[PDB]
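Included below are structure tokens for two forms of one protein chain, each presented in isolation as structure 1 and structure 2.
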Structure 1
């Protein structure tokens, strides 16, 4: 495991210790930007075309022009894995509103490519379900992967104080959406998989799990989820790039099962790992 030595800023490889932005950048002053994050295994960013299509769609929703095409960004990503001499990594793309003249009006974005060790916790797939709280909130521009995590970060103290390790956002306290950094699923007692269809981020992991579940012949409903449906479900889980599929054992005082991982959630962990293995066989 070679230590990460380099990032890329605006197409230039830079040592990690010299990777800076001038304080006029609109990410610092105005929180204006998008990002993406994905893993690399065996030298290959996972589901890369899907992440990069999302990154370009996000940038278009903020009217931020990425300074070159998808194939050139992919070349820069691969060049950075080779420069760092790593096969196993986390990769962050950031696209800011740039060095604005007036601290508000965007200009040519700043583009950052950052690289990390593969998170040690990635796809841990604990048999013990996590404990989470509901929080009334709706993410702004939820289909765009903006850099805006204020509410999620501000809630870290309250989450920890209340005895939880994460949250789930409930729009108007009525409609189940997503966590600050994960998509959210239920499994009903008849094995129907349920997840929100609107006003959420369209996770790559969510997409792979829904596809894998539908190919295994599960019923998957993408629909509005009322809060009262937490009392009808057998299982609950999170999806994300780093979690894969993560069992939820308790939401408020609703305990799912004995709190350990449900049968469908564990099957979907194996199916997700199958999607990853299949992708790496195309690389």
Structure 2
């Protein structure tokens, strides 16, 4: 793996061993802050402008002012890849509520850029679908316990015992026997992987329905998968007691996995 030498705090490259915040930061005291996370390959953060747009939208929703414009943040991110001498990386952006003279009032958010090594494994996909559970409904990390204990590696939620509700971590998709792709709607552009995969499905001539999913629809679907930054397209083989196909990646899920890699390749060709 790779020694990461530097993070970035408020536009200054800081050796990892000195990368600290004073405990008056409102993320420490009150968990007030936003983040984004994205990959880089061949020295380029993937779909970067979409991630940065999401990051600036998240900040404005919390009334936190990012201390640099998008072009400047983009420069800092590329400057940090070059300083750490990595071509493949995970990049975390953090905007805290910042240092507050009174432990409550945001007065100046703190901006962190952190960097991680990816194993070659990060870019590979399993033919074996994962096993998840449904669950009525901090919440997300708390839930790791219940999850591992039940022999699942993730979950989706049911609402009023009726409606599938996505976790924070992933977008959830069904493929119906007629090859209709079904996924929850969005008010504004949140899922970056979700967007590239819906685009790839429609370009391939698949029907994509963006709508509420009823619990009964898990029993009608041929395939189930997640999208996320880290997973890309990840096949779900089992939901509670429901096996999808033989538990291995479905036909459309496999096609969308390959088309997503195509979207990442096409993105990198424009860099």
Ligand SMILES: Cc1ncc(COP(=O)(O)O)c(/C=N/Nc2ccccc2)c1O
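Whichever C-alpha set is largest while still superposing within 1.5 Å between the two forms counts as the rigid core. Numbering follows the first chain given and starts at 1.
Note on provenance: structure 2 matches the form solved in complex with the ligand. Per-residue Cα shift between the two structures after core alignment stays below 2 Å for all of 81, 94, 130, 170 except 170.
Put the two forms on the same core and the Cα of residue 199 is off by 2 Å or more between the two structures. The Cα shift for residue 121 between the two structures, taken after rigid core superposition, is 2 angstroms or larger.
In the rigid-core superposition between the two structures, residue position residue 274 carries a C-alpha shift of 0.1 Å.
Core superposition places the Cα of residue 68 1.4 Å apart between the two structures.
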